[PDB]
Amino acid sequence: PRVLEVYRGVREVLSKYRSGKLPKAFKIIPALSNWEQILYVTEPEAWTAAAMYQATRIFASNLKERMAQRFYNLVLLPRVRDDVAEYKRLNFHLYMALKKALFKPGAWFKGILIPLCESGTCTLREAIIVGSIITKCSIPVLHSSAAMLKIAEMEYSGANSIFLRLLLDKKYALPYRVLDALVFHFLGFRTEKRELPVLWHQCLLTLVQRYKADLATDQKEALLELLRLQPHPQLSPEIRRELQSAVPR
Amino acid sequence: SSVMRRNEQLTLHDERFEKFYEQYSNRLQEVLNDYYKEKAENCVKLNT
Amino acid sequence: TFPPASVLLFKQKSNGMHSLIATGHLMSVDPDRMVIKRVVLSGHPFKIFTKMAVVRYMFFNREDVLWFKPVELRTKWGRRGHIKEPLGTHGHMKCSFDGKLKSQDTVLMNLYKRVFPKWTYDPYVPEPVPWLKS
Amino acid sequence: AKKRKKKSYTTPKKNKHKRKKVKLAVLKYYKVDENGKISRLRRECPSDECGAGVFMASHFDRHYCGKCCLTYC
RNA sequence: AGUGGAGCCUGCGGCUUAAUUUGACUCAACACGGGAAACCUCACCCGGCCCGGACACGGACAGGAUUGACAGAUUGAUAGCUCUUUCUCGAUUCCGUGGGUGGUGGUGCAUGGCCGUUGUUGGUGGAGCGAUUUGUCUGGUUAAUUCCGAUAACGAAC
Ligand SMILES: [Zn+2]
């Protein structure tokens, strides 16, 4: 009714927004009850990059992880997937928007990482950019470990190894069930006849430099058999030498 | 759940996973009247 | 002194220990042998078009470019050119070249001056201690 | 290929503006009697969600809320 | 019929400017960049805020790290990206330092993914050791090695 004209006006504001102080009606959006209708009136597909960055900042600042979850699932990730496919790179404002979305890790993991790696259509450039965005942000140990376990459980793609390796690069202490799952994953590549990219080999490598102190003898020989069956002229001797130069417990 | 187990030397934390995978008004017209006053102050037309 | 004459160059190292650093002989003597100090100024071509470019960081004023206008620029990848006009109030300038510059490239100019030796002549030399290794 | 000199140049950016750190701000919220009674110096908001916990910033004339932006005189 | 001579407009040089953005110079340089630009459209100029990675080391943080923020004062701009107000937000941390260490880099090389169908020059023959030549030519004809015809050439592909 009468609020529709105001929200149409701020919709027209957001279509040409570059900077400045936002209208105060936008800053009280997560306090509303029927917020999805208001968001559909504001037309998020027509927002600019800085306006969407400030929208992500507003929704991340106002708690309520489920609303941020549905906002990241419905609005932010389709815009990122559209923007990478067009300009072959991510904008500065949207990069800062995903950083401000990693200001809340719980809504980000279930909202941006897991749907992208579960869709199966994630390209290389999206995977590299997003994994660098995780790499930039300091992350909780339990959250990163659960993301590790979930990525290790799902089906393999060329993108998934990039996230797996870049989460290994954080070098935190890992829960042992997660180590069991990733060992089961790499042993799931024991009998695969598909040719593997260099990213899988590098991910396994960085796993062997970092977590060689927490490898039991059985899985040590299992990864040795994995190196035997799936060799590489350069990286396989490195993993093999790092395996013979490891102390357990 | 895998088969091979970490066996020896301590578990510091149990880790919580059963919450992630198992997951899946006067103010309005006050702020809107403030927005009305704000864009009515955009072109004031009256003050000398 | 008249050649032939052998020439030795020593350096006072420490504790009166003379270290032989150079040796040779005496060439023809004249003060007309010109010694030229060269100073190379480097700039980065940051806007590349065909046969002309916009180059920054070589200078920082506007009249500085106008001062060194008659000096031609060369290039580490072998191009030769000259300054056309400065544009910025900072040290931005237009440079024409014979070919097209790479994005990996770097423009540079050579300036030359004559330098004369110092007058630090004194016939007194300290007596060396016996030489030993360290 | 041909290498670059990497011009050094110094510029001091060590001085950047930072907000002042308030140490032990829990002291001014409550006053404790010798018997053990608690006196609330600041108003508690009767809001929808952040009630019974959020105290008010005391301006020169007015009290202000810091979670839901509540307005008074 | 004009143009070149006159006024105006527009383009390219040249001149000024802080900037008067830019590739192409006798057709394919010359109202091409849909280019009729007062903000965007702009590549140019003059100034002013913001922050610009991971990793290692040393600090602070739970005796809050930090985010968000109403009103008023400021600079050329409603700069909570500063002050009075410091209220909430519970680690999602930010402060120095060191590394030709670096990555949402640039560029080149190698090789492969997405779609279906099964006038020039050869093949064979002749000539010469070979470069080469015949076909691809007396004549008539044709825009044309085209056609009629002759014929050590006969067939063809584009
Ligand atoms: Zn508030």
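Out of A:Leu167, A:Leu142, I need the residue that is assigned to a helix (DSSP H, G or I) and within 11 Å of chain B (Cβ to nearest Cβ). Which one? Before the answer, list the steps.
Numbers: A:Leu167 fails: within 11 Å of chain B (Cβ to nearest Cβ).
On inspection, the qualifying residue turns out to be A:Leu142.
Just one of the numbered conditions (1) surrounded by 12 or more Cβ atoms within 10 Å (Cβ to Cβ); (2) under 20 Å from the mean Cα position of the chain (by Cα) is not true of C:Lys102: (2).
Considering region D:33-73, and only residues there that are within 10 Å of the ligand (Cβ to nearest atom) and of a type outside the set (A, V, I, L, M, F, W, C), the residue that is farthest from the other protein chains (Cβ to nearest Cβ) turns out to be D:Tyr64.
Residue pairs whose Cβ atoms lie under 6 Å apart, separated by 6 or more positions or on different chains, with the first residue in region C:37-60 and at positive phi and the second assigned to a strand (DSSP E or B) and surrounded by 16 or more Cβ atoms within 10 Å (Cβ to Cβ), are C:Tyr57/C:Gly43.
So how many residues does region D:1-55 have that are among the aromatic types (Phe, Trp, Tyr), more than 15 Å from the chain's Cα centre (by Cα) and not in a loop (DSSP other than H, G, I, E, B)? So that I can check it myself, show each step before the final result.
Initially, region D:1-55 is screened for residues among the aromatic types (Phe, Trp, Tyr), giving D:9, D:29-30, D:55.
Keeping just the survivors that are more than 15 Å from the chain's Cα centre (by Cα) gives D:9, D:30.
Filter once more, keeping what is not in a loop (DSSP other than H, G, I, E, B): D:30.
Total satisfying the criteria: 1.
Taken across region C:62-74, residues that are within 28 Å of D:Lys3 (Cβ to Cβ), touching a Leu at 6+ places or on another chain (Cβ under 6 Å) and surrounded by 17 or more Cβ atoms within 10 Å (Cβ to Cβ) do not occur at all. If only residues of region A:121-139 that are more than 12 Å from the chain's Cα centre (by Cα) and outside any loop (DSSP other than H, G, I, E, B) are counted, the one that is nearest to the other protein chains (Cβ to nearest Cβ) is A:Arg125.
Name the one entry in C:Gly81, C:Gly91 that is touching an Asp or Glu at 6+ places or on another chain (Cβ under 8 Å), within 27 Å of D:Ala1 (Cβ to Cβ) and either within 16 Å of the ligand (Cβ to nearest atom) or part of a strand (DSSP E or B) (or both). Steps first, please.
On the way: C:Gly91 fails: either within 16 Å of the ligand (Cβ to nearest atom) or part of a strand (DSSP E or B) (or both).
Going through C:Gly81, C:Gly91 in turn, just one is touching an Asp or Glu at 6+ places or on another chain (Cβ under 8 Å), within 27 Å of D:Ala1 (Cβ to Cβ) and either within 16 Å of the ligand (Cβ to nearest atom) or part of a strand (DSSP E or B) (or both): C:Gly81.
Residue-level analysis places A:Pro105 outside the set of residues that are within 23 Å of B:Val31 (Cα to Cα), within 11 Å of RNA strand E (Cβ to nearest atom) and within 12 Å of chain B (Cβ to nearest Cβ). Checked against (1) in a loop (DSSP other than H, G, I, E, B); (2) more than 16 Å from the ligand (Cβ to nearest atom); (3) small (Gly, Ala, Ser), A:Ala25 meets all criteria but (2). Screening D:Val54, D:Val26, D:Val22 for residues that are among the aliphatic types (A, V, I, L, M), within 7 Å of RNA strand E (Cβ to nearest atom) and loosely packed, with under 10 Cβ neighbours inside 10 Å leaves exactly one candidate, D:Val22.
With ideal geometry, Cβ positions are generated from the backbone for all residues, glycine too; neighbour counts draw on all protein chains shown. No lab work stands behind these numbers, since they all come straight from the coordinates.
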